[PDB]
Structure formats: structure tokens, C-alpha cells
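# Examining the three-dimensional arrangement
Below are the chains, spelled out letter by letter.
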There are 2 protein chains.
Amino acid sequence: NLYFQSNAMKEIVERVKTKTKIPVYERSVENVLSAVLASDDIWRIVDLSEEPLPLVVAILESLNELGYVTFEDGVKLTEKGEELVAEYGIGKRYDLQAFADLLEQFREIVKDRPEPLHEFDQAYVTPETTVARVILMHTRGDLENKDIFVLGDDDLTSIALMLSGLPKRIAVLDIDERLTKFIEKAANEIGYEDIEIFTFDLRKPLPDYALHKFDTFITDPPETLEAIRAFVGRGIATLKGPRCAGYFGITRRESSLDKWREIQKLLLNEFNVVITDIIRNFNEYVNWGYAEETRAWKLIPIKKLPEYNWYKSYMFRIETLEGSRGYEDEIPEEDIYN
Amino acid sequence: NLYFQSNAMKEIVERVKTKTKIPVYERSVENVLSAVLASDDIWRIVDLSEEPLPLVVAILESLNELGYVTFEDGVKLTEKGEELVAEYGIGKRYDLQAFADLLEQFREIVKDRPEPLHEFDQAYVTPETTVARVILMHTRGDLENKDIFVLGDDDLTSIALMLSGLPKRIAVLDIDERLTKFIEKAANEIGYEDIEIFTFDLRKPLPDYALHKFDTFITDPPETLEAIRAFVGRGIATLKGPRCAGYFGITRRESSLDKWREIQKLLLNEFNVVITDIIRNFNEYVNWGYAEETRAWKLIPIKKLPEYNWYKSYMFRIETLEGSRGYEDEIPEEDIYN
Ligand SMILES: [Ca+2]
Ligand SMILES: [Ca+2]
Ligand SMILES: [Ca+2]
Ligand SMILES: [Ca+2]
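Deposited coordinates in this entry are attributed by the record to X-ray crystallography, at a stated resolution of 2.05 Å.

Here it is, written out as C-alpha cells:
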């Protein structure tokens, strides 16, 4: 009954499609509406909706253009919007202390960390996240007397790993030397001898001293399929063989579920690994001034900064098995193993 | 240096291979050893090791035959075993109140649930699990004013779903009628009208009233790739279209990570869905007398029953996207879409 049925959703979804190439579903819109029922704060709406930020903005713009939301007092539904949610039955969106010494020691050290710099795309997690990560990895048996490779470390996970006393050895690669220098200084104050800084071109083949030498890697790659395949491809190639662990963050803030599907296909068909854990909002990022640089910032006439750490990622854990593989050499443009 | 290096692990792993066809890795053994360092209770060793029960038993038998463990006082390392773990550097394995009305009401109802029967392969989760599941599904936006299909319900999730008041409607299929009768009686005492019992042959094509009619399905399938492809294939076919949710349990107790890899490949390449959540030990099963029916029971001369709920599964959440698909018709022997 196309003649009498509500054409509201379809109308909204078609308008969203003129604003973004991210796949738009009716539920993308419902997710945002559900978030708006819970909160008039745009950062929280993005958080609660678990849709990528540019899709949320495009959805909020479309709903505004069509009379469903106003930005005059945070983000709120109009009466037309209140009628929309009622019609479609859209509900309001509902949502470490044993290692307390580690956390105190970690905060003590990183209070003087080098300033995050836009030049190095530096966004890092809270001290509570870092320490929870260590605990989590320990509960999976991936730390104690193990060899850890930390690919990029603006989170300063290597410091928390050293403070734990658990790993046999740790190797860290980071493009920002202020970090590696700080890590080495920290290692000295901690008395942790078995720290190495790797400095090599990630574009070029892995060197023998990083090829198949680690039990566990951890990394937090940029949010593109191309960067993930490079960072995880390279991390897996640093792993000794079967039954080694990889840890990395993937966000709903910047990657759609269609993009997640491609990532997971990469993992299983390209790298032929298994996913043991996908833990929602495990990673909480310290506000670094990212909000003000987004389109969301321009959306609400009165500017308001995030009240809390709205930017979060899921923790993925992967494990190698017989036949797993990474990229030892040149990183390819397309899938080569699949 | 094959001539002087410890041949201990390789020896153990070769002996394990004569006892099981489950893929055996050196880390399978390390995982068990790490668990034995934590606990002399076989149920807890299985739990902590996160290896499948028959592999754990085969590993413990092999370690015993080779002088590394004794079963004379729970499971303990011998001096030779203590030397083995020291040599390989194996560490000891380390490891709802806002809805309190729901939980009280749920316990009140299910205290008189029908007795679990071996005839129907009935093993169910704790009341705390069931209620946590409802909360979890609600936090992902999959319950409120939604249509839920419960494929098999020895957990009595439908009762907790009804007590929540959240779903538009609920449909339940279960081979044990004592359950469906109880669910209908419960519905009446709760005042929940929108419950339907489905009774159809799952082997045969889905009927029109269950084909593409639901927003969310939940199921707890048997632990074989063949049963998972049948239960999830069928659940996905009950889903309306894109952006619908499926929930199901997968255990480390009975499926190896190599089996997980096949399952995840099924999900992404057969059904072309995305995995949004893999939550370790989310499901806690009530001890149903399964332990006494296992080989583990025969392993320790003095018989001891589990002290706690040692049998746990991970919660998987999947979401359909454009191009997802299930099995509407005959369930195939092999992959048909991949
Ligand atoms: Ca970072
Ligand atoms: Ca080792
Ligand atoms: Ca069951
Ligand atoms: Ca709906």
C-alpha cells in the first residue's frame, strides 16, 4: 500500500543519500532518533546512535530540513519529530580496582607525557583504558613472560605493560620520537631493562628482528580499510606463528557496519585469523579537540564542547591459527591471499 | 638446535594427537598447564583454559602418562610438571541491579519451571544471565516495540522478555511443549497478550508467517558447525531485512578456535552478516548433570562435582546488512551462497 503508508522514513533516507556516500538504512535514521530521545547533546547523540559521525550529521541535517528536529536548544525533536517517533514506535536509547597500584603508578608517570600533536594524528585513551587493556590481555594469557610488539603507542601502553612487570620483553615503534624517548626514560625509572625501540619503514618489508618474533601485538590503526589491512597485516607478520594474539581498536564513530563487514572479511579471508573478542566501547579516548574540527561542531548555532569522553572504540582480539598469514613484505593494494 | 633444545612440548603434543582429532597446538597444552597452576579442580581447569573439554582431558591424560601431572589430589603438577612450566615460562592463569524488579519477578515465575530433561538436550542459563541478555538487547535497541523470534527456549528468555514489557510481540518455537505451555501460562499471569507459539518443522521451508517477519532473533544452538548453520541460517531467514539483529551462544567448552574460524567464515561468507559483539563468558549455565556424563568425570579417581557454574558460552550478536541472507528453504549440506 504505497499510496497511504507513511512515506516519512523513505523521504528522510533519500535526503540523507544526497549528503553522503556512506550506506544509509532506515535503521541509521531510527538509531539517531532514538539517541535524540535520550539526549539533546550532539556528542552524546553520536555516541548513543553508534552510527558514524558524518552519517549522523547528514541524518540530523536531513531531519532538520524536513521539520523533524531543531538545533535552537541543543538537538530536539519538533512536534512533527515527536509524531514521527510515535508513528514508527521508536524508543529512547537506553545504556580494575585489584590493579589500583598499577593505575596510580601509570597516572604518576604520564602526567608529564608529551603533548598530543595534530601533526602526528595523536588521540589516546584514558589511563583507566590503558590499565584495563593490560588486565584484559593478562586474563587471556598474552602477557606473562611473553614478547609484546606495540605498533604505535600514543596511548603509552608500553609504560603500563612495563609497570605490570609481566612481559619478557617489549618492542615499540612510533613515528613520534617524543613518545619513544619518554618510554625509554620511563623504562629507566621503572627498572625495566627489556624495552626496545624499533625504528624502521613500515612500508618496506619487515626486518628479520621483527619478522615472526612476538607472542602478542597491539595497535590502534586509523579508521580506513586500507590502514587496517596495513597495520594488522604487519602486526600479524610480527607474530611467531599459530596461537599468537593481536589487539586493536575499531570504532563505530567513523566506520559503518558495512565497513566492519569488509574488515571482518579481511580478517577471516585475507589474514585467515579468528576473532575471539569484540568488546563494545572498551576504549575511551581523552578529548583531544577532535569535536571542534568536525562538521558536528558547525551544526548547532550555540557551540558546546563534549561534557565527557564521547569518542569510544571497540576492542578486537584476534588469534592466529594454522594457515594464518600477514604481510611480511610490500603491503598490497588489493587482497592477495583471498 | 633440535639436538639439545627441550623436546618436551613436542612430545606432549604428539601424544595428545593419538587421543583426539581436535587440532592440537603447543598453546593448547600451555593453556591447560596455566589453568592447572591456578586450580586443582578439573571443572575450573577446563573453564580457565578455554580449550574444549575433550581436548583438555586428552591433554591431561598425556601429561599424566608422561609424568607431569597426578590425579591423586585433584589435578596437580608433579615436580617434573613444576619444572616443565618453569622451563617454558608458563604463568598461572589470572581471571543488572537497575532491573532488580525484573529479576525478582523472573525468579518468582521460573522456580516452578518444568524439570530439564536429557531427552530434549535441555541445558539453560542462570536467571541472572537471562535478565542480563534482555538488558544487553535493550541497550542495542533490539527490543522496544520490536518483533522477537525465540528459536528454542529452555532458558525461558520469552518470559523475561514479556516481564520487561518491551517487545511489540514475541514468537517462540520449542520442541518441548512443557516449555511452551509454561510460557503461555506465564503470559497469562503477566498480562502479556502478544505471545505466539510456533509449531512447525524446522527442516522444511519457513512458513510465510515466520519468513521475514521479525526484527530480532535469539537462539542457543548445539555446538556443531552443522547445527549452527541450521539454527542461524533459519534465524536470519526470519529477519525482516537489513539492520535486524541475531543473538546466539558459542562456547569454548566444546568448540575449538579452529571451529570458531569456520563458524565466523559461515557468518561472513555464507550468510554475509556482520558481527557486532563477541562477549566472553556472557552465558552462565546452571549445572544440569553434564559434568558426570563427561570423560572428565572418569579422570580423577575421587569424584567431585562442580562447585560453581563452570560451563559458560560467549554471546555473539550479528546484524544483517544489504545482501545478507539466511536459509529460507531446505538447509543445505554444504555452503550454497559462498
Ligand atoms: Ca592513537
Ligand atoms: Ca613462549
Ligand atoms: Ca539450552
Ligand atoms: Ca519497526
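Now that the structure has been shown, we can carry on.
Counting its regular elements, chain A contains 12 helices and 9 strands. Expected size for 338 residues packed as a compact globule is a radius of gyration near 20 Å; at 22 Å, chain A falls within 12% of this value. Along the first, second and third principal axes, the C-alpha atoms of chain A reach 70 × 45 × 35 Å. Looking at chain A as a whole, 58% of its 338 residues are labelled buried. Accessible surface for chain A amounts to roughly 14600 Å². Of this, 48% is attributable to carbon and sulfur atoms. One way to put it: in chain A the 42 positive side-chain charges average out to a point 3 Å from where the 63 negative ones average out.

A separate point is the pattern of salt bridges. With the rule as written, the count across this model stands at 60 salt bridges over all chains. A:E307 serves as the salt-bridge partner of A:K304, at 2.7 Å between the closest nitrogen and oxygen. Across the pair B:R261 and A:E322 runs a salt bridge whose closest N-O atoms are separated by 3.5 Å. Highlighted residues: B:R261 in helix 11 (residues 257–270) and A:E322 in the segment after strand 9 (312–319), drawn from two different chains. The exposure class assigned to B:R261 is buried, which follows from its relative accessible area of 7%. A single network of salt bridges, built from pairs that share partners, joins A:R27, A:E51, B:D142, B:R243, B:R317 and B:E319.

This next bit is on unusual backbone geometry. Excluding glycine, residues mostly carry a negative phi; peptide bonds, for their part, are mostly trans. All names here are of chain B. In this structure, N145 is a non-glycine residue whose phi angle is positive, near 60°. As for its placement among the helices and strands, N145 is situated in the loop between helix 7 (127–139) and strand 3 (147–151). Phi angles above zero are rare outside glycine, and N272 is one such case at about 55°. Summarising the element assignment, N272 is placed in the loop between helix 11 and strand 8 (274–284).

Before going further, it helps to spend a moment on the interface of chain B and chain A. Listed by partner, the interface residues are 50 residues for chain B and 50 residues for chain A. Among the residues chain B hides against chain A, the three largest losses belong to B:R27, B:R243 and B:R261. Together they make up 19% of the total. There are 8 salt bridges connecting chain B and chain A. Here B:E51 and A:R243 are joined by a salt bridge, their closest N and O atoms 2.7 Å apart. The interface formed by chain B and chain A contains 24 residue pairs in polar contact. Here the side of chain B that touches chain A takes 8 residues from helix 11 of chain B, the largest share from any one element. Classifying every residue of the side of chain B that touches chain A by side-chain character gives 16 nonpolar, 14 polar and 20 charged.

Before going further, it helps to examine the UniProt feature "binding site: Ca(2+)" (unreviewed entry) in chain A. All names here are of chain A. Within this structure's numbering, the places UniProt gives as "binding site: Ca(2+)" (unreviewed entry) are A123 and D154. Taken together, the annotated residues stretch across 32 residues yet fold into one region, lying no more than 7.0 Å apart by C-alpha. Among the structural elements, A123 can be located in the loop between helix 6 (100–110) and helix 7 (127–139). Accessibility expressed as a relative area gives 14% for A123, which makes it buried. Not counting chain neighbours up to four residues away, the residues in contact with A123 comprise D154, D155, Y285 and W288. If you trace the backbone, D154 turns up in the loop between strand 3 (147–151) and helix 8 (157–164). Apart from residues lying up to four places away in sequence, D154 is in contact with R113, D121, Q122, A123, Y124, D174 and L179.

Definitions and limits used
- All residue numbers are counted from 1 along each chain's written sequence and may depart from the entry's numbering; residues that have no coordinates are not represented.
- Key to labels: chains lettered from A, ligands numbered from 1, both in the order written.
- Excluded from the side-chain calculation are hydrogens and water; included are all heavy atoms of the structure.
- Strands here mean DSSP runs of E at least two residues long; helices mean DSSP runs of H or I at least four residues long; both are numbered from the N terminus.
- To get the radius of gyration, use the C-alpha atoms; to get the globule rule, take the number of residues to the power 0.38 and multiply by 2.2 Å.
- Whether a residue is buried, partly exposed or exposed follows from its accessible area with a 1.4 Å probe, protein chains only, as a fraction of its type maximum: under 20%, in between, or over 50%, in that order.
- Only the protein chains shown count as cover for residues, and all accessible areas are computed by the Shrake-Rupley method using a 1.4 Å probe.
- Charged-residue counts in this description rest on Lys and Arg as positive and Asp and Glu as negative, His and the chain ends being excluded.
- By convention, charge coordinates are those of NZ in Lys, CZ in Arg, CG in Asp, or CD in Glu.
- By definition, a salt bridge exists where a carboxyl oxygen of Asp or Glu is found within 4 Å of a side-chain nitrogen of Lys or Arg.
- Two residues form a contact once any of their heavy atoms are found within 4.5 Å.
- Computed with a 1.4 Å rolling probe, the buried area is the accessible surface lost when two parts are put together, summed over both parts.
- Definition of a polar contact: a pair of N or O atoms within 3.5 Å, with one able to donate and the other able to accept a hydrogen when the atoms are protein atoms, and with sequence-neighbouring residues admitted only if both atoms are side-chain atoms.
- Residues were grouped as follows: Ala, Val, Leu, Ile, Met, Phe, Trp, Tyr, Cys and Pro as nonpolar; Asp, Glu, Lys and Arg as charged; and all remaining residues, including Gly, as polar.
- UniProt positions are given in the numbering used here, feature names are shortened, and annotations may be inferred rather than shown by experiment.

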